[PDB]
Amino acid sequence: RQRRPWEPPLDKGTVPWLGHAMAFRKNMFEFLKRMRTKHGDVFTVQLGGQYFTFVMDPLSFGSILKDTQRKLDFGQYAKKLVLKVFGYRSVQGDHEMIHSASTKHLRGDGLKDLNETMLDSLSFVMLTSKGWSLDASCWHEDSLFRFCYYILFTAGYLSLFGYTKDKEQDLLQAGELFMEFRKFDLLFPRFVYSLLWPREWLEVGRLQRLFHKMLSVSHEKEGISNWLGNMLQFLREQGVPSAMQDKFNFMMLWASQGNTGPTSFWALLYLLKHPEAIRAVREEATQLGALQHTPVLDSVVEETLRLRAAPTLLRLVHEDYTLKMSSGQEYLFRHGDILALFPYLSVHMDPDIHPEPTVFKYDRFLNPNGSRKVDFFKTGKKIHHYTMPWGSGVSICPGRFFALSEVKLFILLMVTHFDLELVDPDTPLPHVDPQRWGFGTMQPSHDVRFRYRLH
Ligand code: HEM
Ligand SMILES: Clc1ccc([C@@H](Cn2ccnc2)OCc2ccsc2Cl)c(Cl)c1
Ligand SMILES: [K+]
């Protein structure tokens, strides 16, 4: 590839025939930081087979996301990724099925019917696996990350993929599945990057075949979410075999449980590390369908996602795309190239939009009167895209409302019915594990111990 004057700069790396794959996969966040300062806001690099063009100017996010014409497509790239990782082969129309099923059953009425079960399942799991002793004041030490993740995963799994007659048995396997899910989740970025030791490729194979069987469409379950059954109806109706339906189910299990848990971890952890904040939500909590009446919690969860939701927004260009920068410069993107945004660096951590951006400020999105603050600026200019945990366009997360009910209910239940303390409130928060930069909600570099007991 030879660059044309009208294209953005093309950086081939100091050592050519190697590129930036090594520095990119190691710490994507730091790699893009260096590139922004070196080439400015728009630059192109080769990763894997593809050529990627990054746009770091938040002001230009406007036209790109409102793809007025038909030029950018998220699904053409995503289907390649899920094929490698889950072996699911996209069929004509499944992209629209998912969104229809989601708008219909993960929003409005579908969502409240579902939220009622999620609450039921989250209460049952907390109580049953709580841990007990003959002494009623006994503290119980656990690991906060594994704790939150196991809770959201079990309740999420049972609310979506169905429960059975024996509700204790459900929990037991749900926990057994969790352990194996966590093993798959941990290898996932390196799987996407093919940076696995030969033994690890086998583990990913075993985990695949394992979930395929547990979630198999032949396997007695009652009351599965309308979201899932609606989607399998489409698949069976288009002649999708059952084996491929099993691969579909595993992909949706990972999609629906992959971030909700880790996001709960950071929120509760930020709340424990800021007495100011945990009291505001506890008090809001004390005083059914009240999830829409928690402005304080709402802002605690936006701020958490601002600090720990670091996805990449990828679009394949299938017709030559022309981007005009606020500056006054035009840039041409070739069809076949991957358009990429990293709103974490461009938006979340921009000090002009969010002063002291690396600081958890539970009230960051609250107006002095407690109303919702939706007015943010970069040097006088209004930024409609001030937080971007879900993305935008026709590919914005169709489960973001469920995820939010999921996380909000967990927090409320925890801060209400439990005494919480960090084993070591003096040590610094774990930093993001850099190997997952760009894949959704970040995960801690190391777990933190915490103790809990009832009131
Ligand atoms: C904190 C939790 C979550 C976060 C941070 C998150 C974030 C995201 C992001 C950034 C995207 C890509 C947006 C884009 O490319 O424009 C996405 C897409 C998607 N999300 Fe989520 N998500 C979460 C939870 C969930 C849940 C619970 C589900 C299902 C129940 C789900 C299902 C999906 C699906 C199927 C897509 C595919 C995009 C498409 O429809 O083309 N996500 N999510
Ligand atoms: Cl089926 C599916 C739907 C969305 C995704 C999101 C992550 N996610 C998962 C669940 N909710 C959000 O992918 C973002 C992303 C990061 C690097 S490449 C790439 Cl795509 C995936 Cl991985 C599979
Ligand atoms: K898809």
Side-chain angles (χ1 to χ4, degrees), residues 24-25 28 47-48 50 52 61 64-65 67 72-86 88-91 93-103 105-107 110-111 114 118 152-153 155-157 159-161 185 188-189 191-193 225 227-228 231 247-267 301-302 304-306 308-316 338-344 385 387-408 410 436-443:
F24 177 95
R25 300 166 314 181
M28 201 204 71
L47 300 178
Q50 301 266 9
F52 289 76
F61 286 10
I64 300 169
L65 292 162
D67 193 12
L72 306 168
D73 178 4
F74 159 91
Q76 280 175 92
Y77 183 78
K79 65 180 170 213
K80 293 172 98 81
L81 197 146
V82 307
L83 178 56
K84 168 191 193 174
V85 169
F86 303 101
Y88 172 73
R89 204 168 281 277
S90 199
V91 302
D94 58 7
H95 172 286
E96 299 79 356
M97 156 204 69
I98 295 153
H99 280 279
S100 306
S102 311
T103 63
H105 300 301
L106 300 180
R107 287 168 91 138
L111 169 62
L114 179 63
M118 179 64 174
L152 277 290
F153 173 88
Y157 169 63
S159 294
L160 287 178
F161 289 80
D185 195 35
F188 176 91
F191 187 17
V192 163
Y193 288 136
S225 74
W227 177 67
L228 181 47
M231 274 177 314
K247 308 192 160 115
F248 176 85
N249 283 329
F250 184 31
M251 173 186 63
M252 287 301 111
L253 172 74
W254 182 85
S256 57
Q257 310 311 315
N259 299 305
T260 199
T263 295
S264 299
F265 160 73
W266 288 110
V301 181
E302 276 304 336
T304 302
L305 287 166
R306 177 188 78 78
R308 290 297 188 246
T312 62
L313 275 43
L314 297 192
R315 316 279 184 264
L316 181 143
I338 300 301
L339 198 148
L341 317 168
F342 190 43
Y344 191 75
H385 296 339
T387 198
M388 309 202 74
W390 320 111
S392 183
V394 310
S395 62
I396 187 159
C397 169
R400 64 182 176 286
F401 300 114
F402 184 56
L404 285 160
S405 309
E406 287 203 88
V407 172
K408 282 204 268 158
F410 172 75
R436 314 187 59 93
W437 276 128
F439 289 97
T441 295
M442 307 290 93
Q443 278 167 21

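First listed ligand is number 1; within each ligand, the first listed atom is number 1. The figures that follow rest on heavy atoms only: side chains count, while hydrogens, waters and symmetry mates do not. The first residue of the sequence shown is numbered 1, and numbering continues consecutively from there.
- Using a 4.0 Å cut-off between heavy atoms, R315 contacts ligand 1 through its side chain alone, with no backbone atom that close.
- Listed by number with element, the atoms of ligand 1 under 4.0 Å from a non-hydrogen atom of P311 are 10 (C).
- Taking 2.8 Å as the limit, the number of protein N, O or S atoms around atom 21 (Fe) of ligand 1 is 1.
- In this structure, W254 is part of the shell of residues with a heavy atom less than 4.0 angstrom from ligand 2.
- Inclusion of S395 in the set of residues having an N or O under 3.5 Å from an N or O of ligand 1 is warranted.
- Residue contacts with ligand 1, taken as heavy atom pairs separated by less than 4.0 Å, do not involve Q257 at all.
- Residue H99 has at least one heavy-atom neighbour below 4.0 Å for each of these atoms of ligand 1: 39 (C), 40 (O), 41 (O).
- For ligand 1, the atoms closer than 4.0 angstrom to any heavy atom of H95 are 41 (O).
- Close approach to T441 involves these atoms of ligand 1, each under 4.0 Å from a residue heavy atom: 1 (C), 5 (C).
- By heavy-atom distance, the residue among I98, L313, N259 lying nearest atom 8 (N) of ligand 2 is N259.
- Near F74, meaning under 4.0 Å from any of its heavy atoms, are these atoms of ligand 1: 15 (O), 38 (C), 39 (C), 41 (O).
- Heavy-atom distances between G438 and ligand 2 reach below 4.0 Å in at least one pair.
- Residue contacts with ligand 1: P389 is included, with a non-hydrogen atom under 4.0 Å away.
- Of the heavy atoms in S392, only backbone atoms (N, CA, C, O) come closer than 4.0 Å to ligand 1.
- Evaluated by nearest non-hydrogen atom to atom 2 (C) of ligand 2, the leading choice among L81, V82, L314, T312 is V82.
- By the side chain to side chain donor-acceptor pair (under 3.5 Å) test, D73 pairs with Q76, sequence neighbours left out.
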